[PDB]
Amino acid sequence: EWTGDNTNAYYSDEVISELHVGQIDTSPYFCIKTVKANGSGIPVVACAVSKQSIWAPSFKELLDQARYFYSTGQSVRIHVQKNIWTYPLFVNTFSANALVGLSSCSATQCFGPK
Amino acid sequence: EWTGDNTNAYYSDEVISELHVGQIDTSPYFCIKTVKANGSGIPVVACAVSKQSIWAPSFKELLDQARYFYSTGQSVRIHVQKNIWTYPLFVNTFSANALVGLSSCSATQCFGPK
Amino acid sequence: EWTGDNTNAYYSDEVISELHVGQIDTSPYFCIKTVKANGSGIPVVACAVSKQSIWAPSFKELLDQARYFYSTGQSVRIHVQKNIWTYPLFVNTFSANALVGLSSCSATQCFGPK
Amino acid sequence: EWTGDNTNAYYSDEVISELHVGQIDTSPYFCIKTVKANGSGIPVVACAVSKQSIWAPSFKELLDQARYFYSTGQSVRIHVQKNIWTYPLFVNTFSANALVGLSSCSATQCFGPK
Amino acid sequence: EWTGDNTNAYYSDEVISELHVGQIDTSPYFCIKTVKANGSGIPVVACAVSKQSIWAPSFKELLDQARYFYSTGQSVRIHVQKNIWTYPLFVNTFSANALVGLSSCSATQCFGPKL
């Protein structure tokens, strides 16, 4: 598995606009909301859940990095794997996307897989 | 269990105004105090205790997130479970509320369950 | 045991003026110096020793919180247990006080036990 | 082995211009892009993979230090070992350089091996 | 052993002017360069190596603290044990000093062991 696998989805030139932390079924988790920096498009929602999914090893790295990029409001590419979380009420509040990666974006390019 | 369960309570458009750390019965703990950004209402007090209650696994995550929102002073939704802590001098100093989640808010919406 | 036990001492409306990190007998330790915000009185010195005493589990939490309040210079309540540390030159350089809690005091009262 | 070994390469007076975090084969990883502070030359790309290569033990230290130097925009010397990473798609997006060390610089010199 | 043992050395009112992170012989390490705030004397270099020397338990504590003091530029007292590291090339680039403690200073006194 890799953040960059073409079975994962990504969204470029986004800003993390909201951050949430909680717990589900013994797992601390966090979710982020991101919107296009130019103000267009539809928001993206993705979550990371501690000890849950193949992406569990990266939970702390992603939490720390989402925190940083959130605090600067800088433009980023968000990488997700769709249809991972299955609790329907959780999915309805947030989404089923597992967050799998984060890349800074310049005015010209995003530093990550495409 | 989930932050979003309707057996938990929540308060929106609050700011973390005080923060305390300590230890009880060999467990690190922290408490926060939040007030409405607009000055109305009464304060919310909630505590997390590192090896107590079902919310134990997210102690560190909530401590780090509470520090972040405290240092920025931004408006948040605080999620609590009432009537958890039982030590009377502790409850009277702070409250019986366990802290179970923190959601950032924009001017119009809070990014978390409701 | 609890930060708020009446066998412990506390000093309100202080600021953290100095911070030291070191090691003794294979244990990381830190100490802080605090003074009344208003200049009155004498300083308080207290240390946490990572591997020693019932307060050991709270070492990291206390160090992280000591660092943050040190960096802001905001008013705090410092909570200590007196006469616990024993190495004579250590006590004489610093003190025999264990640091057992830190409360913010940005308001009328400090947010912690008294 | 050592960051300063003959058989590693280094590039001085660089600024960390991009940062990416992800996961590959159960291992969190991060990559950075650096460019010369004075605008000259060609960008350097280097990655660290938490469970892989002889540099694995330093993953957390390098991640934290890369993050700090990124957040400050300050001039650094970057040390890499060439031809480490093998997954072709990964190398194409980023590079095969393993990050093995970061050194801060002043105007004239960098504090690290030469 | 103790940071404050009189067999250790210390340098008061120093500014942490450079910082380096790397790896050696399986261990993450970091080194710092300090200079007297008043401009006098010679720079001090000291290093901490994860899981090496008696001071290994304090590696993360000292790294975090060295980062903080490095980022502020404030005046500090640096405590070292001399002649600890033996890698020849490593010592040539940096020094043999193990970092064993850091103390903040006011303009008139450092909050740490002396003598």
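Naming: A, B, ... by sequence-line order, numbering from 1 per chain.
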Tell me, side chain or backbone of A/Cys105 under 4.5 Å from chain D's heavy atoms, or both, or neither?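 The answer is the backbone of A/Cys105.
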Residue part contacting chain A, namely of D/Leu63, when any heavy atom lies under 4.5 Å: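 For D/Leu63, the side chain is the part near chain A, not the backbone.
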Return one line per donor-acceptor pair between chain A and chain D under 3.5 Å, naming both atoms and the distance rounded to 0.1 Å.
unit_1, atom_1, unit_2, atom_2, d
A/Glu1, O, D/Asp25, N, 3.0
A/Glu1, OE1, D/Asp25, N, 3.3
A/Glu1, OE2, D/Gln23, NE2, 2.8
A/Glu1, OE2, D/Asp25, N, 3.2
A/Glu1, OE2, D/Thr26, N, 2.6
A/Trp2, NE1, D/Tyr29, OH, 2.8
A/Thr3, N, D/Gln23, O, 3.0
A/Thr3, OG1, D/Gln23, N, 2.9
A/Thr3, OG1, D/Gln23, O, 3.4
A/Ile54, O, D/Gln23, NE2, 2.8
A/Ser58, N, D/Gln23, OE1, 3.4
A/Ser58, OG, D/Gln23, OE1, 2.8
A/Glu61, O, D/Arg67, NH2, 3.2
A/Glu61, OE1, D/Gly22, N, 3.4
A/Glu61, OE2, D/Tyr29, N, 3.1
A/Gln65, OE1, D/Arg67, NE, 2.9
A/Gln65, OE1, D/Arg67, NH2, 3.1
A/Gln74, NE2, D/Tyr70, OH, 2.9
A/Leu102, N, D/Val21, O, 3.1
A/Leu102, O, D/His20, ND1, 3.4
A/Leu102, O, D/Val21, N, 2.9
A/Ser103, OG, D/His20, ND1, 2.8
A/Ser104, N, D/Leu19, O, 3.0
A/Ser104, OG, D/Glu18, OE1, 2.7
A/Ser104, OG, D/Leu19, N, 2.9
A/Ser104, OG, D/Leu19, O, 3.2

Considering only residues two or more places apart or on different chains, which pairs with a residue in residues 95-114 of chain D satisfy ring-ring contact (aromatic ring centres under 6.0 Å, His included)?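 Listed by first then second residue: D/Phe111-E/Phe94.
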